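To begin, one chain is listed below as structure tokens, in the form solved without ligand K0G.
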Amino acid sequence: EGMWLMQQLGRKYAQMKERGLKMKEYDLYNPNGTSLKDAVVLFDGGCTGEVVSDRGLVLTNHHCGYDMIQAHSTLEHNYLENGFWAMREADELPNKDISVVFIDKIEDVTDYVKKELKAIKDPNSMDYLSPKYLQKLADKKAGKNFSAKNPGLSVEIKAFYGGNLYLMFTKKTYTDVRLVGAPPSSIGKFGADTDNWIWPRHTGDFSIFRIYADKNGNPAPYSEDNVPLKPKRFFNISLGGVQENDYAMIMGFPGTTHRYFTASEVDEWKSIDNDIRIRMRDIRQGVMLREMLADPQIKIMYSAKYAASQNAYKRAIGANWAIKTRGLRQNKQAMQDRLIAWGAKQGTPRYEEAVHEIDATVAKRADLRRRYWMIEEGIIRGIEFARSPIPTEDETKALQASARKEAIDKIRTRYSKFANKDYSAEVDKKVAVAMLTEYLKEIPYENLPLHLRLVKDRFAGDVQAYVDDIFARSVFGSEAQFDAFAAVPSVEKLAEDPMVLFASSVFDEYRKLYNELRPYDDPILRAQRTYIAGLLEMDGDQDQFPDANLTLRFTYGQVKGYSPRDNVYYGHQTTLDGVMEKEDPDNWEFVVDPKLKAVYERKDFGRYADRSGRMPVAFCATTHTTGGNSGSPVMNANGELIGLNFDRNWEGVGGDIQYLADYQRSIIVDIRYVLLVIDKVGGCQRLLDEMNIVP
């Protein structure tokens, strides 16, 4: 059910031990010693990773290492499609702008922060949540020259439970993290977009890196003189596998949750955020799909844009399914009613007053928030020519010195970025006509961005004519129209350009809405501090976890499948046989690697197959995870590595507001499948040899 603070391990230990945990408490998390927590890293600022050897070998997801694999790929050595397997440490590829963060120490600094906050004076100050203010307190507690006296170490204070608890983290950051291994994309991203958020899952979502450091194991930027880090702790790999009901636990960095949403915030999330994103993306994707299906060249140009739009579209459908079917609104309503009844009995009205302030703030901002989501989904991300070039103040104050050519060169660079090899003006006009037709039906004339008033005023409500006129008369409507402008440029031409005016007025409205909506965040945040304080005072902090905030957490549960719908059961484990069932040679998403297909046919599974001779691929668990948990180590009752978390099923996206015991599952790549791929596909025996594999 929860995403627990490391401090909460003491209070959860007896429940974990009854559920199957076998390791000693301090072997998992020791606040003043070495523990398993010391083998967990925040990988590249978003993902989780884990150290799996005494030479700093790190495992994370393939989608986590995707950018590094792509940056080292060329036409001659396409690592993204073929996989990468460094046969010696010297062949491991350095990565620019990478980092791994270890959580060296964690301390409760609540009383210290609350004492410092007493000097504020202004009761409505937001300093209690300010990263700048909390950094000043972190620095004061750690000392003037902390990072100079403790190289590689840094401090950070974060707020938890809406400002009712504060923790100081002592972090050790390494920036020389080299690419060691990766399966082909056919394995690393087998399901590709079709199987995103899907269980059963057959994706070998892993990649391998290595942390390098100076001669003393201290952090150091990339240098050819750097040596592999010898860490104080690494995970042992288990080859014992998993069974239904086995205890499983994860450590990682879940990003965000909204477990303390009021019922009014759940209604707002459904009726505004989700319904608008669903409606607008369905229109956009429908036009894009029609055009991609009709022209093979349009499919090539728009495939990535279509897939990117689909990600949050699918998430919103999953979230709305939970709101409709799992009683999310009703459960938040019962939580707040129970606090209100308890507050009335204790004679303290501040809790009911805080819930009232959140409801009133939500109700007040409804029209503005609807307008913001409509323009953001409908135009800002919906229409490509909304991001067409807008001449800067220095560019207009250059066209009207011979630096007219410099301004034109900068405008041309932005025009070529907008109208690139993947941009179709015809596809964009079709998308804009459908998107604007919906936007104009939903937003009244008086709330429209200034240029969109021309649809009714100048074009007699003809959206197609308004869009045609933008491209026909704009200097960014075609290459020939831009070149005619670039030969005889004038500020008068740019100031009256229909595309520039559209882009300017839609971005003006988008910013004006953002500015009007920003003040509504603070009364909700302040009321949440009081709301969560009451929930904690009423029921305690030993069943009510703090919202995720990109900090180290543990979660535990069992390896267990679930029933998605009447008469259908999805088991706890997928197999290599399931990859072969999904093979479609003429569908790029479901192509199967020839070496992997050969391994399956010859049953060359070695020590990685289960007791029945079947090769495991992935498993699912009742652990509570979210975005940020990608690459998290999944542990046995003994703390041994049994897999890597890589996804969550769509039925569990609602889990960020309310954990769903009968539907929500973490989707995990089995460590036996990771080793089978390293061994039989990569042939990288040295990686297997440096790991500590337990029978």
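Just count from 1 along the sequence shown to find any residue number.
Missing here is the form solved in complex with ligand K0G; even so, the following discussion is about that form.
- The partner is absent here; in the bound PDB entry, the one residue of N331, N311, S99, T392 having a heavy atom within 4.5 Å of ligand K0G is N311.
- Site annotation in the bound PDB entry: the residue of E442, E516, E353, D193 reaching within 4.5 Å of ligand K0G with a heavy atom is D193.
- The three residues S303, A307 and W588 all sit with a heavy atom within 4.5 Å of ligand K0G in the bound PDB entry.
- Proximity to ligand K0G in the bound PDB entry, taken as heavy atoms within 4.5 Å, picks out 193 to 201 from the listed stretches 112 to 120, 125 to 133, 193 to 201, 486 to 494.
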